[PDB]
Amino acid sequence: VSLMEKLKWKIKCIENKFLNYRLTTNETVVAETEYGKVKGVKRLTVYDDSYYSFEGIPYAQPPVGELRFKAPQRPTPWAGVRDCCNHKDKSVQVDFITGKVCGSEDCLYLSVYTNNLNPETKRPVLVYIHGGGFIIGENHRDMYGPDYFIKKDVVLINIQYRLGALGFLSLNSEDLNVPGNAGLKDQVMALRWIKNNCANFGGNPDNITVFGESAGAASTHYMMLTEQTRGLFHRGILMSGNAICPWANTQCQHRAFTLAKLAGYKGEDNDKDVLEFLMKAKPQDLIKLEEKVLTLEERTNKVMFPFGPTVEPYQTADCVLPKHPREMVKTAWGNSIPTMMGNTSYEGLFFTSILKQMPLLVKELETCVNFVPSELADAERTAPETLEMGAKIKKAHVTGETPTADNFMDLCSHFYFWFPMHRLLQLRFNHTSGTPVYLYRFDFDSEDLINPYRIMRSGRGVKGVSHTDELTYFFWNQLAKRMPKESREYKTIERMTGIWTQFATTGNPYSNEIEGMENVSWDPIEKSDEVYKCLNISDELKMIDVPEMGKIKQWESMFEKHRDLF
């Protein structure tokens, strides 16, 4: 990231600290929790609203020392009143702006927000799980401020969980108790805390909605798949991702050794000696080296992250993924709760930064073999069956005689988001009680209001609705500003928080109280549907057949001979 954006970010970071201070009030309050009393504080918003804020509530023991790489343990309760008037650090990660490692291993916290601590009626509880590829992210209000949602009568909770190798190391040897998915286990525990404690904050423990974007969407899906969480919540919203996405899991058991060797380990490849090195290493050191872990072969095969959710090689007490997510969908309790899913209208625009640094990536579309689903493709992607399959992708996304950067980005929309969504929907319909799934398509384009991701994806001055562009209309961030109430941006904030709150409340995203929805007849998706319908969200709200359907079916054709793998 440029020196320019670094300076601009630093200045915005300073202005955020002064504005945070300015918007703080003297109204501290005390709430009960299972683990003891917590003190929060009322805060203000730039729209002249206010909310109670409890940050730094621990839902697990700090996973430091011997607890590193291990499943989370319950936290130690305290006497007296715990200070929750300030946020804790984020998980150890590479800051994408400065490029330096930041955060702390002491990261297992959640924040609770509401505009009214003593509601006369119990409120829907929305739980947000941030994205960031399972390697970055946080619940700090400079990125995920509750300022918009607290105009609604909900309780909003934002969680943290372990990222990168510290959250997703996996070792084969059962003796060492490092099977994997520590970060997902963090989420499980946090949902358990929320179920047993939201009532103390005016929440309805029997009406909980989990939602997340990107890896947060994959995370929400996992929390709907795993047995560990059965009945812990009541609605799910998957924004631009799910657990069947190719980036959403990886068999990484052989990568621990590689990490250790990048970090100076001397000795043999066996899990015990590798773990003993990794657990003594500086956490910053491990996280800064993670980027170099993937082989050239893995990158060619579109493995995006070296450590992430994995199938656990053995089943322990806290096991979350005992088999592949595709198999887990077959008995998943979450199939039987109201669900909403969606994407933006140009997801792949997110890879602009990558394509700028490696223009030779566009050449991959001459055959498209590299994008054939890994389970169908051969190792070298030289087999005639792989060339065949690649050709089907190629016909879907190459518009001319030579591929263009735009062809690449459009392809990415499908490879990373739309096709996995299709696969999940069809797989799911063969194992559901008939509870509804609703689809949206976020299609609202503006640069009058933006979020930090636009900086990372080099999206400044770039038209189209990229992956993460919708976040801007859900959460406050330190690049935001007060918008005029009749602006298209302010109306989109109202619509998006309005739809999400309505869904959270009833399991049905439609309401006539939401401006622009007057003609909307928003049906769910049915198993018998050959074409998906979605609420397209732009300056107008309109029900349309999913435009991406044609390319979606072309990708599905790759499985003509291998239907069991679809």
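From 1 onward, residues are counted along the sequence shown.
Student: Mean C-alpha B-factor higher for 142-150, or for 289-297?
Tutor: The stretch with the larger mean CA B-factor is 289-297.
Student: Return whichever of 267-275 and 161-169 has the greater mean Cα B factor according to the PDB record.
Tutor: According to the PDB entry, the answer is 267-275.
Student: Quiz for you: based on the deposited Cα B-factor, which of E66, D49, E530, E55 is highest?
Tutor: The listed residue with the largest C-alpha B-factor is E530.
Student: Could you say which of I537, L44, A504, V30 has its CA atom at the highest B factor, as listed in the PDB entry?
Tutor: Reading the PDB entry, the winner on C-alpha B-factor is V30.
Student: Just say lowest, middle or highest third for the CA B-factor of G516 relative to the other modelled residues in its chain.
Tutor: Its C-alpha B-factor, which the entry lists for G516, ranks in the highest third among residues of this chain.
Student: Sort the modelled residues of this chain by their C-alpha B factor and say whether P62 lands in the lowest, middle or highest third.
Tutor: For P62, whose C-alpha B-factor we compare with every modelled residue in the chain, the answer is the middle third.
Student: Taking the entry's C-alpha B-factors for this chain, is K481 in the lowest, middle or highest third?
Tutor: Highest third.
Student: Looking at the C-alpha B-factor of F305, is it in the lowest, middle or highest third of its chain?
Tutor: Within its chain, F305 is a middle-third residue by C-alpha B-factor, going by the deposited values.
Student: Going by the CA temperature factor in the PDB record, which third of the chain does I14 belong to: lowest, middle or highest?
Tutor: Tercile = highest for this residue's CA B-factor.
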